[PDB]
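> Protein chains in written order, with the entry's author numbering: chain A, 535 to 582; chain B, 971 to 1019; chain C, 971 to 1019; chain D, 341 to 437; chain E, 341 to 388.
Mind having a look at this structure? Questions to follow.
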Ligand SMILES: *[C@@H]1O[C@H](CO)[C@@H](O)[C@H](O)[C@H]1NC(C)=O
Ligand SMILES: *[C@@H]1O[C@H](CO)[C@@H](O)[C@H](O)[C@H]1NC(C)=O
């Protein structure tokens, strides 16, 4: 966390700094998107 | 016109020779997206000036 | 660059996946024509303003 | 799915769901089986790097000369009538003798 | 045209002019004849 990494999370390839988000996702909600529609946040498939 | 907007998605799906065809569509569209912005900004700057 | 400039001609000849390739040639040329028009109109209006 | 003894006919085709498992497609190239393998939508080599959510393999049997007429947008006595593929469909073509 | 007994050689090829008639191309899909059938210029199903 808190470091720039090139990551692939549940078949989603991206590069960014991973930080713990205070937003509350619904159980089905996984991949979040910003105004630009680029991925804002994801959910760890191993330990949710 | 490309399959997907994400570059990391196209690079993860199509062949390197195949991805260059669809990436060519995004860049050309993003150039026109940037050219349209710069063109307006150059024109809006003349309005501000 | 398309086989014809009529949409009804391309849709009635090539496949729907094949027509999108030729329709991409029309719209790209029609966007560049419309963006150039809007570019001039913004510049011509600056002369009028 | 691939190695099954007798597939369902192309007239009535069985839909085999693939979910909650680990799909390694390098096994296809490890031992020689499939004669004709081509992926229109993705890369055969990147199938292991990037993975897919819901995999549905439709098995059937068709005449040999129609392997070239089965593809998105292609036509034929099968594609136009019995079993058709979407024009925007992304997938792979798997065939063997 | 299609089911003619003997075509001309490719050296001197026959030019068959088809006009003033009704062409139903669904017959080609009715009985299997052509081994390789593809249309580069237009769609084969849109021929009718
Ligand atoms: C495995 O996955 C499950 C469910 O996502 C998770 O609860 C568990 O912590 C993961 N790790 C192990 C070793 O089970
Ligand atoms: C199918 O399974 C049999 C029995 O395990 C094996 O002998 C054969 O090599 C397999 N063939 C293919 C195409 O995987």
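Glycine residues also receive a C-beta, built at the ideal position from the N, C-alpha and C atoms.
Would you mind working out which of 1016/C, 991/C, 1000/C sits nearest residue 428/D, comparing C-alpha positions?
If we check each option's Cα against that of residue 428/D, 991/C comes out closest.
> According to DSSP, is residue 348/D part of a helix, a strand, or is it coil?
Coil, per DSSP.
> Is the beta carbon of residue 385/D closer than 9 angstroms to that of residue 979/B?
No, they are not a contact pair.
> Kindly indicate the opening and closing residues of the alpha helix (DSSP H) around residue 369/D.
366-370 is the extent of the alpha helix (DSSP H) around residue 369/D.
> Measure the CB-CB distance between residue 342/D and residue 374/D and report whether it falls below 9 angstroms.
Yes, Cβ-Cβ distance for residue 342/D and residue 374/D is below 9 angstroms.
> Anything in chain C within Cβ reach of residue 383/E, meaning under 8 angstroms, just list it in chain order.
Neighbours of residue 383/E on chain C, chain order: 983, 984, 985, 988.
> Residues in the same chain with beta-carbon distance under 6 angstroms from residue 971/C, minus the five sequence neighbours each way, listed in chain order, please.
Around residue 971/C: 995.
> List the endpoints of the continuous beta strand (DSSP E) containing residue 542/A.
From DSSP, the beta strand (DSSP E) with residue 542/A extends over 538-543.
> Is residue 393/D near ligand 1 - that is, is its Cβ less than 8 angstroms away from at least one heavy atom of it?
Residue 393/D: no, Cβ never under 8 angstroms from ligand 1.
> Can you tell me whether residue 361/D is buried or exposed? The criterion is at least 16 other CB atoms within 10 Å of its CB, across all chains shown.
Exposed, by the Cβ-count rule.
> Using only the heavy atoms of ligand 1, determine whether one of them is closer than 8 angstroms to the beta carbon of residue 585/A.
Since the first and last residues shown for chain A are 535 and 582, residue 585/A lies out of range.
> So which residues of chain B does residue 390/D contact, with C-beta pairs closer than 8 angstroms?
The answer, in chain order, is 982, 983.
> Which residues does DSSP list as the beta-bridge partners of residue 550/A?
Answer is 539/A, bridged to residue 550/A.
> Mind pulling the chain D residues with CB within less than 8 angstroms of residue 545/A?
Those are 390, 391, 392, 393, listed as they occur along chain D.
> Counting along the chain, where does the beta strand (DSSP E) carrying residue 395/D start and finish?
First-last of the beta strand (DSSP E) with residue 395/D: 395-398.
> Where does residue 577/A fall in DSSP's three states?
Residue 577/A falls in the coil class under three-state DSSP.
> Within the structure, which residues are defined as neighbours of ligand 2 by a Cβ-heavy atom distance below 5 angstroms, reported in chain order?
Here the list is 343/D, 373/D.
> Could you tell me whether the Cβ atoms of residue 377/D and residue 390/D are closer together than 9 angstroms?
It is not a contact, given that the beta carbons lie outside the stated cut-off.
> With C-beta atoms as the reference, is residue 549/A less than 9 angstroms away from residue 976/B?
Not closer than 9 angstroms, so no.
> Give the secondary structure of residue 997/B by DSSP, where H, G and I count as helix, E and B as strand, and everything else as coil.
Correct three-state label for residue 997/B: helix.
> Considering residue 355/D, what are the terminal residues of the beta strand (DSSP E) in which it resides?
Counting along the chain, the beta strand (DSSP E) containing residue 355/D begins and ends at 355-358.
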